[PDB]
Amino acid sequence: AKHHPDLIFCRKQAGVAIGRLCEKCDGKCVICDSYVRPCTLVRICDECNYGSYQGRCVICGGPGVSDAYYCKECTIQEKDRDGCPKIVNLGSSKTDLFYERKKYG
Amino acid sequence: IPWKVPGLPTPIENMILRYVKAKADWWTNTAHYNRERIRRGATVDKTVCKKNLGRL
Amino acid sequence: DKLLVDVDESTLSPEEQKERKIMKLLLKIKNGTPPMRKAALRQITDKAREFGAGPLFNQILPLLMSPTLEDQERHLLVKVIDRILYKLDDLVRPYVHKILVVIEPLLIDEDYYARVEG
Amino acid sequence: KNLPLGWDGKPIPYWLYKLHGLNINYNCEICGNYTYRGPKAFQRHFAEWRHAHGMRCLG
Amino acid sequence: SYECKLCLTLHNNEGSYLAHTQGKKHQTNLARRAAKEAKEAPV
Amino acid sequence: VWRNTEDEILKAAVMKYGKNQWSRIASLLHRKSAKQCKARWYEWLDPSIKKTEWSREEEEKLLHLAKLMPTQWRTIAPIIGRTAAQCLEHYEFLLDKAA
RNA sequence: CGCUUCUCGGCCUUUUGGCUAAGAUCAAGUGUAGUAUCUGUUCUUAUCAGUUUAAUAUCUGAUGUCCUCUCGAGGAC
Ligand SMILES: [Zn+2]
Ligand SMILES: [Zn+2]
Ligand SMILES: [Zn+2]
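Chains as they are written, first to last, in PDB author numbering: chain 7, 2 to 106; chain A, 724 to 779; chain 1, 476 to 593; chain w, 381 to 439; chain v, 53 to 94, 104; chain L, 10 to 108.
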């Protein structure tokens, strides 16, 4: 997302499987990282919906609870045409916070 | 803490020392007396206990 | 152990040995406050190519071989090895087999995040 | 000694002299082979009276 | 924010500004401003 | 440790407030305690701390004393007018250049 | 007219009600990423050649031929 530049997206061909977000992350656009005006639905790459990953939070990786949408901006500038936005790197943040957790308590 | 302000007309300083000596001696003697009360048990109080501790 | 004694930098005429000395900033990375960690990590990321692979790995890998590695220390060292890997691109070609000989265990271990990292 | 003056009234640090290119000399034939010190003085001189007068003498 | 008109430097805290006044930068600017001013006056 | 900014704020705060309310003062800077302010002021900051090198006579006195009254630095340091820290390290330094 | 003293007008200074146990008391979240500002510290070498740069810079390297004096010097070239 716009906030950790170390993150990556799948960027293969979109498909027909809709994308879902955890209850934790829910309520936002995936890219413009805002919280408003959902216009259109997300679609994800075939691999990025294969396997156990049926119904996972694109971002948080967790349980699918709702649908994932696109802000009015991103759909106006057509940033919504770059295929799977599935993030195929976990990122340092989750790792480090879990590690400090295991240390502390 | 030695209080020594130099420019004072010596007779004025003489007065002030007479008076502070009076007052401090009164302070002491009342401390002697309250502590004797408190050791004799005579009375209670939540102030004249903390006050006397401080003075003593 | 080197860090215990002291000697002047010029007298450390083996300027590669000077490099090694200042490289033992690794200890600051390993143990040290969050700010020590951040500053050290930037130091090493950007002086990476200046240091070069040989010294870096020859002084990193022994750590990772430590029996007394705890968790934090380990994930920290893998963080660095990653960042320097992103700077040194080819220079690792001589050092691959070493890198694997140490990373491999992360592939088979009960931690999840350790597997995904390695 | 070997460096120019400033509004402080004393010479400039030798690295400032090199950084501003004041160690580079540019000659202008139209100005009577006058030597300008550094790129800024040599860019300004095209609008200065000496160059304008040289151009006027050439018609 | 706090500005030194002699050095054209910005200072965030009042602590930063007082520490800037004791500097090779501030002091040398103060001393240069000093000597120049003195020389610069005139039946 | 202390940074020059905290140091300057200390100077000003003291000269304003007088030497007696360290609570207000330490309330001012973050990550500074009233005990520390008091200690630092009397140790280093206060103007009466004489900051020069040791005379030969001062070192004569120091050495002689630290031989007279072993390891009592807060007893000595008033007698030669420096802090316990100055007396201590400087006696260490004389002892090391001797040996 | 000179001296001196007093009266007043124009006015360029400081100016919280005290005692008590200095009345009593005396707060800081964490992490990940990046920038800015101060404090600090340092370049006079001459060419040439190279590297590199938009241009410097940087960085890299070396200090016409012969003799001799002590990088300098004299002469036959
Ligand atoms: Zn968006
Ligand atoms: Zn995908
Ligand atoms: Zn999520």
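A virtual CB, placed ideally from N, CA and C, is assigned to each residue, including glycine.
Chain 1 within 7 Å of residue i, Cβ atoms only
| i | result |
| --- | --- |
| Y100 (chain 7) | yes |
| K87 (chain 7) | no |
| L91 (chain 7) | yes |
| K104 (chain 7) | yes |
| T96 (chain 7) | yes |
Min CB distance residue i to chain v below 7 Å
| i | result |
| --- | --- |
| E17 (chain L) | yes |
| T14 (chain L) | yes |
| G439 (chain w) | no |
| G389 (chain w) | yes |
Reference residue i, options the options, closest by Cα
| i | options | result |
| --- | --- | --- |
| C26 (chain 7) | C75 (chain 7), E48 (chain 7), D81 (chain 7) and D68 (chain 7) | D68 (chain 7) |
| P79 (chain L) | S64 (chain L), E66 (chain L), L97 (chain L) and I18 (chain L) | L97 (chain L) |
| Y397 (chain w) | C411 (chain w), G389 (chain w), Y406 (chain w) and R417 (chain w) | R417 (chain w) |
| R517 (chain 1) | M498 (chain 1), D546 (chain 1) and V480 (chain 1) | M498 (chain 1) |
| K29 (chain 7) | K103 (chain 7), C75 (chain 7) and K95 (chain 7) | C75 (chain 7) |
| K573 (chain 1) | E484 (chain 1), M540 (chain 1), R512 (chain 1) and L551 (chain 1) | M540 (chain 1) |
| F102 (chain L) | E62 (chain L), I85 (chain L), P87 (chain L) and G27 (chain L) | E62 (chain L) |
| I19 (chain 7) | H4 (chain 7), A2 (chain 7), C49 (chain 7) and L8 (chain 7) | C49 (chain 7) |
| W31 (chain L) | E17 (chain L), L38 (chain L), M24 (chain L) and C46 (chain L) | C46 (chain L) |
| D521 (chain 1) | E491 (chain 1), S488 (chain 1), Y561 (chain 1) and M511 (chain 1) | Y561 (chain 1) |
| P64 (chain 7) | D97 (chain 7), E101 (chain 7), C23 (chain 7) and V43 (chain 7) | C23 (chain 7) |
| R21 (chain 7) | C33 (chain 7), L8 (chain 7) and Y54 (chain 7) | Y54 (chain 7) |
| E17 (chain L) | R83 (chain L), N29 (chain L) and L38 (chain L) | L38 (chain L) |
| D7 (chain 7) | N90 (chain 7), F99 (chain 7) and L98 (chain 7) | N90 (chain 7) |
| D83 (chain 7) | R12 (chain 7), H5 (chain 7) and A2 (chain 7) | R12 (chain 7) |
| residue 107 (chain 7) | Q14 (chain 7), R38 (chain 7), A15 (chain 7) and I9 (chain 7) | This structure cannot settle anything about residue 107 (chain 7), because the visible part of chain 7 is limited to 2 through 106. |
| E66 (chain L) | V10 (chain L), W53 (chain L), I88 (chain L) and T92 (chain L) | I88 (chain L) |
| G27 (chain L) | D55 (chain L), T14 (chain L), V10 (chain L) and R12 (chain L) | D55 (chain L) |
| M511 (chain 1) | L478 (chain 1), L551 (chain 1) and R524 (chain 1) | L551 (chain 1) |
| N407 (chain w) | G401 (chain w), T415 (chain w) and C437 (chain w) | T415 (chain w) |
| residue 109 (chain 7) | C33 (chain 7), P86 (chain 7) and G106 (chain 7) | Any question about residue 109 (chain 7) goes unanswered here, given that chain 7 covers just 2 to 106. |
C-beta neighbour in chain L for residue i, strict 7 Å
| i | result |
| --- | --- |
| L70 (chain v) | yes |
| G67 (chain v) | yes |
DSSP-derived helix/strand/coil call for residue i
| i | result |
| --- | --- |
| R12 (chain L) | coil |
| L62 (chain v) | strand |
| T508 (chain 1) | coil |
| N405 (chain w) | strand |
| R12 (chain 7) | coil |
| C437 (chain w) | helix |
| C56 (chain v) | strand |
| residue 5 (chain L) | Any question about residue 5 (chain L) goes unanswered here, given that chain L covers just 10 to 108. |
| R417 (chain w) | strand |
| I519 (chain 1) | helix |
| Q30 (chain L) | coil |
| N382 (chain w) | coil |
| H4 (chain 7) | coil |
| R65 (chain L) | helix |
| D483 (chain 1) | coil |
| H431 (chain w) | helix |
Cutoff 7 Å: residue i Cβ touching any chain w Cβ
| i | result |
| --- | --- |
| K88 (chain v) | yes |
CB contact below 7 Å: residue i versus chain 7
| i | result |
| --- | --- |
| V567 (chain 1) | no |
| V482 (chain 1) | no |
| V591 (chain 1) | yes |
| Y588 (chain 1) | yes |
Those runs of the alpha helix (DSSP H) which lie wholly inside the region 79-106 of chain 7 and span at least 4 residues: Here the runs fully enclosed are 93-105.
Contained alpha helix (DSSP H) runs [length at least 4] in the region 18-85 of chain 7, N- to C-terminal order: With a minimum length of 4 residues, the unbroken runs of alpha helix (DSSP H) contained wholly in the region 18-85 of chain 7 fall at 73-77.
Residues in the region 541-562 of chain 1 having any Cβ partner in chain 7 nearer than 7 Å: Residues are counted here when their Cβ sits less than 7 Å from a Cβ of chain 7; for the region 541-562 of chain 1 these are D546, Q547 and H550, given in chain order.
Any alpha helix (DSSP H) of 4 or more consecutive residues that is wholly inside the region 726-777 of chain A: At a cut-off of 4 residues, the continuous stretches assigned as alpha helix (DSSP H) that sit fully inside the region 726-777 of chain A are 733-762.
Length-filtered (3 minimum) beta strand (DSSP E) runs lying within the region 525-587 of chain 1: The beta strand (DSSP E) runs of length 3 or more contained entirely in the region 525-587 of chain 1 do not exist; there are none.
Contact shell at 7 Å, judged by CB to any heavy atom of ligand 5, ordered along the chain: For ligand 5, the structure offers nothing, since it holds only ligand 1, ligand 2 and ligand 3.
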